[PDB]
$ cat entry.cif   # mmCIF, N, CA and C atoms
data_model
loop_
_atom_site.label_atom_id
_atom_site.label_comp_id
_atom_site.auth_asym_id
_atom_site.auth_seq_id
_atom_site.Cartn_x
_atom_site.Cartn_y
_atom_site.Cartn_z
N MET A 1 6.23 -5.83 -35.87
CA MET A 1 7.28 -6.07 -34.90
C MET A 1 6.75 -6.00 -33.47
N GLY A 2 7.01 -7.04 -32.70
CA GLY A 2 6.56 -7.10 -31.31
C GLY A 2 7.66 -6.64 -30.36
N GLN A 3 7.52 -6.99 -29.09
CA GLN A 3 8.50 -6.62 -28.07
C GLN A 3 8.46 -7.57 -26.89
N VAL A 4 9.64 -7.97 -26.41
CA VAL A 4 9.75 -8.81 -25.23
C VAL A 4 10.65 -8.18 -24.18
N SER A 5 10.36 -8.45 -22.91
CA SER A 5 11.05 -7.80 -21.81
C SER A 5 10.77 -8.50 -20.49
N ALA A 6 11.62 -8.27 -19.50
CA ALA A 6 11.40 -8.79 -18.16
C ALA A 6 10.63 -7.79 -17.30
N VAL A 7 9.39 -8.14 -16.97
CA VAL A 7 8.51 -7.24 -16.24
C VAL A 7 8.13 -7.83 -14.88
N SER A 8 8.31 -7.03 -13.83
CA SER A 8 7.86 -7.42 -12.50
C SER A 8 7.43 -6.20 -11.69
N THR A 9 6.31 -6.33 -10.99
CA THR A 9 5.81 -5.25 -10.14
C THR A 9 5.85 -5.65 -8.67
N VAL A 10 6.50 -4.83 -7.85
CA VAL A 10 6.64 -5.12 -6.43
C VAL A 10 6.04 -4.02 -5.57
N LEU A 11 5.24 -4.41 -4.59
CA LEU A 11 4.63 -3.46 -3.66
C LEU A 11 5.64 -2.98 -2.63
N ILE A 12 5.61 -1.68 -2.34
CA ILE A 12 6.54 -1.08 -1.39
C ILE A 12 5.80 -0.31 -0.30
N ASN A 13 6.18 -0.56 0.95
CA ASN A 13 5.59 0.14 2.08
C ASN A 13 6.23 1.52 2.26
N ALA A 14 6.03 2.39 1.29
CA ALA A 14 6.61 3.73 1.32
C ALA A 14 5.97 4.64 0.29
N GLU A 15 6.00 5.94 0.55
CA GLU A 15 5.49 6.93 -0.39
C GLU A 15 6.15 6.78 -1.76
N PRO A 16 5.34 6.80 -2.81
CA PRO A 16 5.84 6.58 -4.16
C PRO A 16 6.78 7.70 -4.60
N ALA A 17 6.55 8.89 -4.06
CA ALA A 17 7.44 10.02 -4.30
C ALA A 17 8.81 9.79 -3.67
N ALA A 18 8.81 9.23 -2.47
CA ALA A 18 10.05 8.89 -1.78
C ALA A 18 10.79 7.78 -2.51
N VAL A 19 10.05 6.79 -3.00
CA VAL A 19 10.63 5.70 -3.77
C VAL A 19 11.21 6.20 -5.09
N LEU A 20 10.51 7.13 -5.72
CA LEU A 20 10.99 7.76 -6.94
C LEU A 20 12.34 8.43 -6.72
N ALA A 21 12.43 9.23 -5.66
CA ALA A 21 13.69 9.87 -5.29
C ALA A 21 14.77 8.83 -5.00
N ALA A 22 14.39 7.76 -4.31
CA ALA A 22 15.32 6.69 -3.98
C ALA A 22 15.86 6.04 -5.25
N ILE A 23 15.00 5.86 -6.24
CA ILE A 23 15.41 5.32 -7.53
C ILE A 23 16.37 6.26 -8.24
N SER A 24 16.08 7.56 -8.18
CA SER A 24 16.91 8.56 -8.83
C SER A 24 18.21 8.77 -8.07
N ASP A 25 18.27 8.26 -6.84
CA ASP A 25 19.50 8.27 -6.06
C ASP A 25 20.39 7.09 -6.43
N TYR A 26 21.47 7.37 -7.15
CA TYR A 26 22.39 6.33 -7.60
C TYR A 26 23.68 6.36 -6.80
N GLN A 27 23.62 6.92 -5.60
CA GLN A 27 24.81 7.13 -4.79
C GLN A 27 24.72 6.39 -3.46
N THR A 28 23.56 6.47 -2.82
CA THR A 28 23.38 5.93 -1.48
C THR A 28 22.32 4.83 -1.47
N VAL A 29 21.48 4.82 -2.49
CA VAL A 29 20.41 3.83 -2.59
C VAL A 29 20.76 2.72 -3.57
N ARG A 30 21.10 3.10 -4.79
CA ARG A 30 21.25 2.14 -5.88
C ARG A 30 22.26 1.06 -5.52
N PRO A 31 23.40 1.48 -4.99
CA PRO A 31 24.50 0.56 -4.73
C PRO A 31 24.32 -0.15 -3.39
N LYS A 32 23.17 0.06 -2.76
CA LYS A 32 22.83 -0.61 -1.52
C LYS A 32 21.68 -1.59 -1.72
N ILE A 33 21.14 -1.63 -2.93
CA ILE A 33 20.02 -2.50 -3.25
C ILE A 33 20.37 -3.48 -4.35
N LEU A 34 21.66 -3.58 -4.66
CA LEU A 34 22.13 -4.46 -5.72
C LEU A 34 22.21 -5.91 -5.25
N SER A 35 21.96 -6.84 -6.16
CA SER A 35 22.08 -8.26 -5.86
C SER A 35 23.53 -8.73 -6.00
N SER A 36 23.75 -10.02 -5.76
CA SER A 36 25.09 -10.59 -5.82
C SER A 36 25.57 -10.72 -7.26
N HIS A 37 24.68 -10.43 -8.21
CA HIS A 37 25.01 -10.51 -9.62
C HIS A 37 25.63 -9.21 -10.12
N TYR A 38 25.65 -8.20 -9.25
CA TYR A 38 26.24 -6.91 -9.59
C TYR A 38 27.65 -6.79 -9.04
N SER A 39 28.53 -6.16 -9.81
CA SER A 39 29.90 -5.93 -9.37
C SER A 39 30.54 -4.79 -10.15
N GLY A 40 31.39 -4.02 -9.48
CA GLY A 40 32.17 -2.98 -10.14
C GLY A 40 31.31 -1.75 -10.43
N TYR A 41 30.32 -1.51 -9.57
CA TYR A 41 29.44 -0.36 -9.72
C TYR A 41 30.21 0.95 -9.54
N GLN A 42 30.09 1.84 -10.51
CA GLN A 42 30.75 3.14 -10.45
C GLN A 42 29.90 4.22 -11.11
N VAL A 43 29.58 5.25 -10.34
CA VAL A 43 28.91 6.43 -10.89
C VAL A 43 29.88 7.29 -11.68
N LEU A 44 29.51 7.61 -12.91
CA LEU A 44 30.38 8.37 -13.80
C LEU A 44 29.99 9.84 -13.85
N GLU A 45 28.69 10.10 -13.73
CA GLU A 45 28.18 11.47 -13.75
C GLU A 45 26.95 11.61 -12.87
N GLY A 46 26.90 12.68 -12.09
CA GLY A 46 25.71 13.00 -11.30
C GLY A 46 25.50 11.99 -10.18
N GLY A 47 24.35 11.33 -10.21
CA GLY A 47 24.00 10.36 -9.17
C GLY A 47 22.71 10.76 -8.45
N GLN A 48 22.17 11.91 -8.83
CA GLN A 48 20.96 12.43 -8.19
C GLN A 48 20.03 13.07 -9.22
N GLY A 49 19.31 12.24 -9.95
CA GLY A 49 18.28 12.72 -10.87
C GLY A 49 18.71 12.54 -12.32
N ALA A 50 18.00 13.20 -13.23
CA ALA A 50 18.24 13.04 -14.66
C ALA A 50 19.62 13.54 -15.05
N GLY A 51 20.25 12.85 -15.99
CA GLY A 51 21.59 13.20 -16.43
C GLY A 51 22.64 12.31 -15.77
N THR A 52 22.21 11.55 -14.77
CA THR A 52 23.10 10.62 -14.09
C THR A 52 23.60 9.54 -15.04
N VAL A 53 24.90 9.26 -14.98
CA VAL A 53 25.48 8.14 -15.71
C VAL A 53 26.26 7.22 -14.78
N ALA A 54 26.00 5.92 -14.90
CA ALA A 54 26.65 4.94 -14.04
C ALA A 54 26.92 3.64 -14.80
N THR A 55 27.94 2.91 -14.37
CA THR A 55 28.36 1.69 -15.06
C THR A 55 28.63 0.57 -14.07
N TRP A 56 28.38 -0.66 -14.49
CA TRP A 56 28.58 -1.83 -13.64
C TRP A 56 28.59 -3.11 -14.45
N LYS A 57 29.04 -4.20 -13.82
CA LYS A 57 28.99 -5.52 -14.44
C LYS A 57 27.82 -6.33 -13.91
N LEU A 58 27.10 -6.99 -14.82
CA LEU A 58 26.01 -7.87 -14.43
C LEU A 58 26.28 -9.31 -14.86
N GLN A 59 26.53 -10.17 -13.89
CA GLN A 59 26.93 -11.54 -14.16
C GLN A 59 25.76 -12.51 -14.02
N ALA A 60 25.18 -12.89 -15.14
CA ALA A 60 24.08 -13.85 -15.14
C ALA A 60 24.56 -15.24 -14.76
N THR A 61 25.73 -15.63 -15.26
CA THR A 61 26.36 -16.88 -14.87
C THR A 61 27.87 -16.82 -15.08
N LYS A 62 28.52 -17.97 -14.96
CA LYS A 62 29.98 -18.03 -14.94
C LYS A 62 30.58 -17.18 -16.05
N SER A 63 30.17 -17.45 -17.29
CA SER A 63 30.76 -16.81 -18.45
C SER A 63 29.75 -15.94 -19.18
N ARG A 64 28.89 -15.28 -18.41
CA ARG A 64 27.98 -14.28 -18.96
C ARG A 64 27.98 -13.01 -18.12
N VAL A 65 28.85 -12.08 -18.47
CA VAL A 65 28.92 -10.79 -17.78
C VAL A 65 28.62 -9.64 -18.73
N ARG A 66 27.62 -8.84 -18.39
CA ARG A 66 27.23 -7.70 -19.20
C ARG A 66 27.85 -6.41 -18.68
N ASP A 67 28.59 -5.72 -19.55
CA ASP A 67 29.16 -4.42 -19.20
C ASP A 67 28.16 -3.30 -19.46
N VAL A 68 27.49 -2.85 -18.40
CA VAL A 68 26.40 -1.90 -18.53
C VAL A 68 26.88 -0.47 -18.31
N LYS A 69 26.51 0.42 -19.22
CA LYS A 69 26.74 1.85 -19.04
C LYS A 69 25.44 2.63 -19.15
N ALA A 70 24.74 2.76 -18.03
CA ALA A 70 23.36 3.25 -18.05
C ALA A 70 23.33 4.78 -18.03
N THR A 71 22.60 5.35 -18.98
CA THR A 71 22.26 6.77 -18.94
C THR A 71 20.88 6.99 -18.35
N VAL A 72 20.81 7.79 -17.29
CA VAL A 72 19.59 7.92 -16.50
C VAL A 72 18.73 9.08 -17.00
N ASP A 73 17.48 8.79 -17.32
CA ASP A 73 16.53 9.82 -17.71
C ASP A 73 15.32 9.84 -16.78
N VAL A 74 15.34 10.76 -15.82
CA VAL A 74 14.25 10.88 -14.86
C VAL A 74 13.18 11.85 -15.36
N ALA A 75 11.95 11.35 -15.47
CA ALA A 75 10.82 12.18 -15.88
C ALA A 75 9.54 11.75 -15.18
N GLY A 76 8.94 12.67 -14.43
CA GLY A 76 7.73 12.36 -13.67
C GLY A 76 8.01 11.35 -12.56
N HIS A 77 7.47 10.15 -12.72
CA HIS A 77 7.73 9.07 -11.78
C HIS A 77 8.31 7.85 -12.49
N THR A 78 8.88 8.08 -13.67
CA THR A 78 9.56 7.02 -14.41
C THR A 78 11.04 7.35 -14.60
N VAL A 79 11.90 6.43 -14.18
CA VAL A 79 13.34 6.58 -14.39
C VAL A 79 13.86 5.56 -15.39
N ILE A 80 14.39 6.05 -16.51
CA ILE A 80 14.81 5.18 -17.60
C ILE A 80 16.32 5.00 -17.62
N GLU A 81 16.76 3.75 -17.64
CA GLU A 81 18.19 3.44 -17.71
C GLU A 81 18.56 2.84 -19.06
N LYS A 82 19.22 3.64 -19.89
CA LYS A 82 19.60 3.20 -21.23
C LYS A 82 21.07 2.81 -21.29
N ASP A 83 21.33 1.53 -21.53
CA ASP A 83 22.70 1.03 -21.64
C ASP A 83 23.34 1.50 -22.94
N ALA A 84 24.46 2.21 -22.82
CA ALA A 84 25.16 2.74 -23.98
C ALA A 84 26.02 1.66 -24.64
N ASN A 85 26.26 0.58 -23.92
CA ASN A 85 27.16 -0.47 -24.38
C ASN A 85 26.40 -1.54 -25.16
N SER A 86 25.16 -1.79 -24.76
CA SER A 86 24.34 -2.83 -25.38
C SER A 86 22.87 -2.43 -25.42
N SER A 87 22.07 -3.20 -26.14
CA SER A 87 20.68 -2.85 -26.39
C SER A 87 19.79 -3.28 -25.24
N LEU A 88 19.98 -2.66 -24.08
CA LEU A 88 19.18 -2.97 -22.90
C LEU A 88 18.70 -1.70 -22.21
N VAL A 89 17.39 -1.58 -22.03
CA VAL A 89 16.80 -0.44 -21.34
C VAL A 89 15.91 -0.89 -20.19
N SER A 90 16.14 -0.33 -19.01
CA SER A 90 15.33 -0.65 -17.84
C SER A 90 14.46 0.53 -17.43
N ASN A 91 13.15 0.29 -17.36
CA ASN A 91 12.21 1.33 -16.96
C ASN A 91 11.81 1.17 -15.50
N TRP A 92 11.94 2.26 -14.74
CA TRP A 92 11.55 2.26 -13.33
C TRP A 92 10.35 3.16 -13.09
N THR A 93 9.16 2.61 -13.26
CA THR A 93 7.93 3.37 -13.06
C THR A 93 7.33 3.09 -11.69
N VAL A 94 7.22 4.13 -10.87
CA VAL A 94 6.64 4.00 -9.54
C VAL A 94 5.35 4.79 -9.42
N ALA A 95 4.37 4.22 -8.72
CA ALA A 95 3.06 4.85 -8.58
C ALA A 95 2.41 4.47 -7.26
N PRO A 96 1.48 5.30 -6.80
CA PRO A 96 0.75 5.04 -5.57
C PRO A 96 0.05 3.68 -5.63
N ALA A 97 -0.07 3.03 -4.48
CA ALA A 97 -0.75 1.74 -4.40
C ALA A 97 -1.45 1.57 -3.06
N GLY A 98 -2.58 2.25 -2.90
CA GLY A 98 -3.38 2.12 -1.68
C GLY A 98 -2.81 2.97 -0.56
N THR A 99 -2.18 2.32 0.42
CA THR A 99 -1.53 3.02 1.52
C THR A 99 -0.04 3.17 1.27
N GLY A 100 0.47 2.44 0.28
CA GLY A 100 1.89 2.47 -0.04
C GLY A 100 2.11 2.79 -1.52
N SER A 101 3.03 2.06 -2.14
CA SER A 101 3.38 2.31 -3.54
C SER A 101 3.76 1.01 -4.25
N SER A 102 4.02 1.11 -5.54
CA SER A 102 4.50 -0.04 -6.32
C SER A 102 5.43 0.41 -7.44
N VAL A 103 6.36 -0.47 -7.81
CA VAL A 103 7.29 -0.18 -8.89
C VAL A 103 7.18 -1.22 -10.00
N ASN A 104 6.91 -0.75 -11.21
CA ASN A 104 6.90 -1.61 -12.39
C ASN A 104 8.23 -1.55 -13.13
N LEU A 105 9.01 -2.62 -13.02
CA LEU A 105 10.35 -2.64 -13.60
C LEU A 105 10.37 -3.42 -14.91
N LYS A 106 10.58 -2.71 -16.01
CA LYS A 106 10.58 -3.33 -17.33
C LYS A 106 11.96 -3.25 -17.97
N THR A 107 12.64 -4.39 -18.04
CA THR A 107 13.94 -4.46 -18.70
C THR A 107 13.84 -5.17 -20.04
N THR A 108 14.21 -4.47 -21.10
CA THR A 108 14.04 -4.98 -22.46
C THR A 108 15.07 -6.06 -22.77
N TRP A 109 14.71 -6.97 -23.67
CA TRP A 109 15.63 -8.01 -24.13
C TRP A 109 16.10 -7.73 -25.55
N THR A 110 17.16 -8.42 -25.96
CA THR A 110 17.73 -8.22 -27.28
C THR A 110 18.41 -9.49 -27.78
N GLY A 111 19.18 -9.36 -28.86
CA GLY A 111 19.88 -10.50 -29.45
C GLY A 111 19.52 -10.66 -30.92
N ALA A 112 20.33 -11.42 -31.64
CA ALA A 112 20.09 -11.67 -33.06
C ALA A 112 18.88 -12.56 -33.27
N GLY A 113 18.70 -13.53 -32.38
CA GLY A 113 17.58 -14.45 -32.47
C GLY A 113 16.42 -14.01 -31.58
N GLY A 114 15.54 -14.94 -31.24
CA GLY A 114 14.40 -14.65 -30.38
C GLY A 114 14.72 -14.96 -28.92
N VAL A 115 13.67 -15.12 -28.12
CA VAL A 115 13.84 -15.38 -26.69
C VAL A 115 14.51 -16.72 -26.45
N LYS A 116 14.18 -17.70 -27.29
CA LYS A 116 14.79 -19.02 -27.21
C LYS A 116 16.31 -18.92 -27.24
N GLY A 117 16.84 -18.26 -28.27
CA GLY A 117 18.28 -18.10 -28.41
C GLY A 117 18.84 -17.18 -27.33
N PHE A 118 18.06 -16.18 -26.95
CA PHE A 118 18.45 -15.28 -25.87
C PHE A 118 18.70 -16.05 -24.57
N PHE A 119 17.81 -16.99 -24.27
CA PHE A 119 17.98 -17.85 -23.11
C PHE A 119 19.14 -18.82 -23.30
N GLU A 120 19.09 -19.57 -24.40
CA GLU A 120 19.97 -20.72 -24.58
C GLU A 120 21.42 -20.28 -24.77
N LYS A 121 21.61 -19.23 -25.56
CA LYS A 121 22.95 -18.78 -25.92
C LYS A 121 23.43 -17.68 -24.98
N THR A 122 22.71 -16.57 -24.96
CA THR A 122 23.15 -15.37 -24.26
C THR A 122 22.63 -15.35 -22.83
N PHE A 123 22.14 -14.19 -22.40
CA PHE A 123 21.76 -13.99 -21.01
C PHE A 123 20.33 -14.46 -20.76
N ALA A 124 20.19 -15.46 -19.90
CA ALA A 124 18.88 -16.04 -19.61
C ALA A 124 17.91 -14.98 -19.09
N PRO A 125 16.80 -14.80 -19.80
CA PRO A 125 15.80 -13.81 -19.43
C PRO A 125 15.10 -14.20 -18.14
N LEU A 126 15.06 -15.50 -17.86
CA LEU A 126 14.50 -15.99 -16.60
C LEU A 126 15.36 -15.58 -15.42
N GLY A 127 16.68 -15.63 -15.60
CA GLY A 127 17.61 -15.18 -14.58
C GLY A 127 17.58 -13.66 -14.43
N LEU A 128 17.56 -12.97 -15.56
CA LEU A 128 17.54 -11.51 -15.56
C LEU A 128 16.31 -10.97 -14.86
N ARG A 129 15.17 -11.61 -15.10
CA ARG A 129 13.92 -11.20 -14.47
C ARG A 129 13.97 -11.41 -12.96
N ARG A 130 14.54 -12.53 -12.54
CA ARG A 130 14.78 -12.79 -11.12
C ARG A 130 15.68 -11.72 -10.51
N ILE A 131 16.77 -11.41 -11.21
CA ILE A 131 17.74 -10.43 -10.72
C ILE A 131 17.08 -9.09 -10.46
N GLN A 132 16.29 -8.62 -11.42
CA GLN A 132 15.61 -7.34 -11.31
C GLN A 132 14.58 -7.36 -10.19
N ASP A 133 13.92 -8.50 -10.02
CA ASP A 133 12.94 -8.68 -8.96
C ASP A 133 13.60 -8.62 -7.59
N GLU A 134 14.79 -9.22 -7.48
CA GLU A 134 15.53 -9.22 -6.23
C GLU A 134 15.95 -7.81 -5.83
N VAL A 135 16.33 -7.01 -6.83
CA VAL A 135 16.69 -5.62 -6.60
C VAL A 135 15.49 -4.81 -6.12
N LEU A 136 14.33 -5.09 -6.70
CA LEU A 136 13.08 -4.45 -6.28
C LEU A 136 12.78 -4.77 -4.82
N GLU A 137 13.00 -6.02 -4.43
CA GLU A 137 12.86 -6.42 -3.03
C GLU A 137 13.80 -5.62 -2.13
N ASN A 138 15.05 -5.50 -2.55
CA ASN A 138 16.04 -4.73 -1.80
C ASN A 138 15.63 -3.27 -1.68
N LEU A 139 15.12 -2.71 -2.77
CA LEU A 139 14.61 -1.35 -2.77
C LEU A 139 13.48 -1.18 -1.76
N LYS A 140 12.51 -2.09 -1.82
CA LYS A 140 11.40 -2.07 -0.88
C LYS A 140 11.89 -2.01 0.56
N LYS A 141 12.77 -2.94 0.92
CA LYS A 141 13.28 -3.03 2.28
C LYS A 141 14.12 -1.80 2.63
N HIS A 142 14.84 -1.28 1.65
CA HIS A 142 15.73 -0.15 1.87
C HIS A 142 14.95 1.09 2.27
N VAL A 143 13.93 1.43 1.48
CA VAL A 143 13.17 2.66 1.68
C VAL A 143 12.20 2.51 2.84
N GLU A 144 11.80 1.27 3.12
CA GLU A 144 10.89 0.99 4.23
C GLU A 144 11.58 1.21 5.57
N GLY A 145 12.75 0.61 5.74
CA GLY A 145 13.51 0.73 6.98
C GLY A 145 15.00 0.85 6.70
#
$ encode --input "entry.cif" --output "structure tokens"
Amino acid sequence: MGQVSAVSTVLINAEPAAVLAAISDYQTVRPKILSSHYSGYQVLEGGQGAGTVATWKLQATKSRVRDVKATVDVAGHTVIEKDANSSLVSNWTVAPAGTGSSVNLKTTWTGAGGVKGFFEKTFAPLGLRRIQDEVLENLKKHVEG
């Protein structure tokens, strides 16, 4: 059994420890770095570190909206978001990168079929990867200035 996922790494002009905290902040950071594909963001528990629970809608296209209920698991410099509603997990791994830092964002894919059917029928992985990349950009700009 293999594994497929949307992976993108973005360089950030900021301390990786600060970025880690920013990621674990689901109150003042998370909802300020969301793309236009996000809506109805609501923190259900915590909002600052492990144990945080938050929910939102992710609209890939007109008639593709994912109801996400992410459980946050912060450990070291990796923040894991496990959707309780569907089989989607997003990994937020941040690490030093020269004078700044970088974040490796890995969002897993799912579905009854393979990537072909995942794209054609359900939520386009090409769009999802773009969405996550755009959020990483927002994060970079957010923590930078």
$ closest_residue --input "entry.cif" --among "A:4, A:33, A:124, A:84" --to "residue 64 in chain A" --atoms "all atoms listed in the file"
A:124
$ residues_around --input "entry.cif" --residues "range 56-61 of chain A" --least-positions-apart "4" --cutoff "7 Å" --atoms "all atoms listed in the file" --output "VMD selection string"
chain A and resid 36 to 42 65 to 70 123 to 124 127 to 128
$ select_by_dssp --input "entry.cif" --residues "range 35-142 of chain A" --states "strand (DSSP E or B)" --output "ChimeraX atom specification"
/A:38-45,48,53-61,64-75,78-83,89-97,100-108
$ resolve_selection --input "entry.cif" --expression "the PyMOL selection byres ((chain A and resi 107) around 5)" --output "mmCIF file with N, CA and C atoms, in the coordinates of the input"
data_model
loop_
_atom_site.group_PDB
_atom_site.id
_atom_site.type_symbol
_atom_site.label_atom_id
_atom_site.label_comp_id
_atom_site.auth_asym_id
_atom_site.auth_seq_id
_atom_site.Cartn_x
_atom_site.Cartn_y
_atom_site.Cartn_z
ATOM 1 N N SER A 5 10.360 -8.450 -22.910
ATOM 2 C CA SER A 5 11.050 -7.800 -21.810
ATOM 3 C C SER A 5 10.770 -8.500 -20.490
ATOM 4 N N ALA A 6 11.620 -8.270 -19.500
ATOM 5 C CA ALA A 6 11.400 -8.790 -18.160
ATOM 6 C C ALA A 6 10.630 -7.790 -17.300
ATOM 7 N N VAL A 89 17.390 -1.580 -22.030
ATOM 8 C CA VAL A 89 16.800 -0.440 -21.340
ATOM 9 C C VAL A 89 15.910 -0.890 -20.190
ATOM 10 N N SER A 90 16.140 -0.330 -19.010
ATOM 11 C CA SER A 90 15.330 -0.650 -17.840
ATOM 12 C C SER A 90 14.460 0.530 -17.430
ATOM 13 N N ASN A 91 13.150 0.290 -17.360
ATOM 14 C CA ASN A 91 12.210 1.330 -16.960
ATOM 15 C C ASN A 91 11.810 1.170 -15.500
ATOM 16 N N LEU A 105 9.010 -2.620 -13.020
ATOM 17 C CA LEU A 105 10.350 -2.640 -13.600
ATOM 18 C C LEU A 105 10.370 -3.420 -14.910
ATOM 19 N N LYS A 106 10.580 -2.710 -16.010
ATOM 20 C CA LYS A 106 10.580 -3.330 -17.330
ATOM 21 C C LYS A 106 11.960 -3.250 -17.970
ATOM 22 N N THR A 108 14.210 -4.470 -21.100
ATOM 23 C CA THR A 108 14.040 -4.980 -22.460
ATOM 24 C C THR A 108 15.070 -6.060 -22.770
ATOM 25 N N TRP A 109 14.710 -6.970 -23.670
ATOM 26 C CA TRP A 109 15.630 -8.010 -24.130
ATOM 27 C C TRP A 109 16.100 -7.730 -25.550
#
$ resolve_selection --input "entry.cif" --expression "the PyMOL selection byres ((chain A and resi 47) around 8)" --output "ChimeraX atom specification"
/A:23-28,43-46,48-54
$ closest_residue --input "entry.cif" --among "A:97, A:29, A:20, A:131" --to "residue 78 in chain A" --atoms "only N, CA and C atoms"
A:20
$ atom_distance --input "entry.cif" --atom1 "CA of residue 95 in chain A" --atom2 "CA of residue 83 in chain A"
23.9 Å
$ atom_distance --input "entry.cif" --atom1 "CA of residue 16 in chain A" --atom2 "CA of residue 34 in chain A"
19.7 Å
$ resolve_selection --input "entry.cif" --expression "the PyMOL selection byres ((chain A and resi 136-142) around 6.5)" --output "ChimeraX atom specification"
/A:10-13,32-34,131-135,143-145
$ closest_residue --input "entry.cif" --among "A:110, A:9, A:55, A:35" --to "residue 88 in chain A" --atoms "only C-alpha atoms"
A:110
$ select_by_dssp --input "entry.cif" --residues "range 2-143 of chain A" --states "helix (DSSP H, G or I)" --output "PyMOL selection string"
chain A and resi 16-24+30-32+115-120+125-143
$ atom_distance --input "entry.cif" --atom1 "CA of residue 112 in chain A" --atom2 "atom C of residue 3 in chain A"
13.8 Å
$ residues_around --input "entry.cif" --residues "residue 111 in chain A" --least-positions-apart "4" --cutoff "8 Å" --atoms "only C-alpha atoms" --output "list in words"
residues 117, 118 and 122 of chain A
$ write_last_selection --input "entry.cif" --atoms "N, CA and C atoms" --output "compact mmCIF listing (two decimals), in the coordinates of the input"
# COMPACT_ATOMS: atom_id res chain seq x y z
N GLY A 117 16.84 -18.26 -28.27
CA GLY A 117 18.28 -18.10 -28.41
C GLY A 117 18.84 -17.18 -27.33
N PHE A 118 18.06 -16.18 -26.95
CA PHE A 118 18.45 -15.28 -25.87
C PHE A 118 18.70 -16.05 -24.57
N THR A 122 22.71 -16.57 -24.96
CA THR A 122 23.15 -15.37 -24.26
C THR A 122 22.63 -15.35 -22.83
$ decode --input "entry.cif" --residues "range 52-80 of chain A" --atoms "C-alpha atoms" --output "compact mmCIF listing (two decimals), in the first residue's frame"
# COMPACT_ATOMS: atom_id res chain seq x y z
CA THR A 52 -7.08 22.63 19.98
CA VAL A 53 -10.20 21.77 17.99
CA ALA A 54 -11.51 23.88 15.11
CA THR A 55 -13.97 23.51 12.24
CA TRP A 56 -14.50 25.19 8.87
CA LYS A 57 -15.77 24.76 5.32
CA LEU A 58 -13.35 24.26 2.42
CA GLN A 59 -14.85 24.99 -0.99
CA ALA A 60 -12.79 23.55 -3.84
CA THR A 61 -15.46 24.54 -6.35
CA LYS A 62 -19.14 25.38 -6.77
CA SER A 63 -20.50 22.06 -5.51
CA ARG A 64 -17.49 20.76 -3.59
CA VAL A 65 -17.46 21.87 0.05
CA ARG A 66 -15.62 19.89 2.71
CA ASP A 67 -16.85 20.10 6.30
CA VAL A 68 -13.59 19.94 8.25
CA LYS A 69 -13.35 19.27 11.98
CA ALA A 70 -9.63 19.36 12.72
CA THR A 71 -8.14 18.00 15.93
CA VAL A 72 -4.80 19.68 16.59
CA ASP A 73 -1.82 17.67 17.82
CA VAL A 74 1.23 19.85 18.49
CA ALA A 75 4.50 18.00 19.07
CA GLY A 76 8.00 19.42 18.69
CA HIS A 77 7.84 21.49 15.51
CA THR A 78 5.09 19.50 13.79
CA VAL A 79 1.41 20.41 14.10
CA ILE A 80 -1.01 17.72 12.94
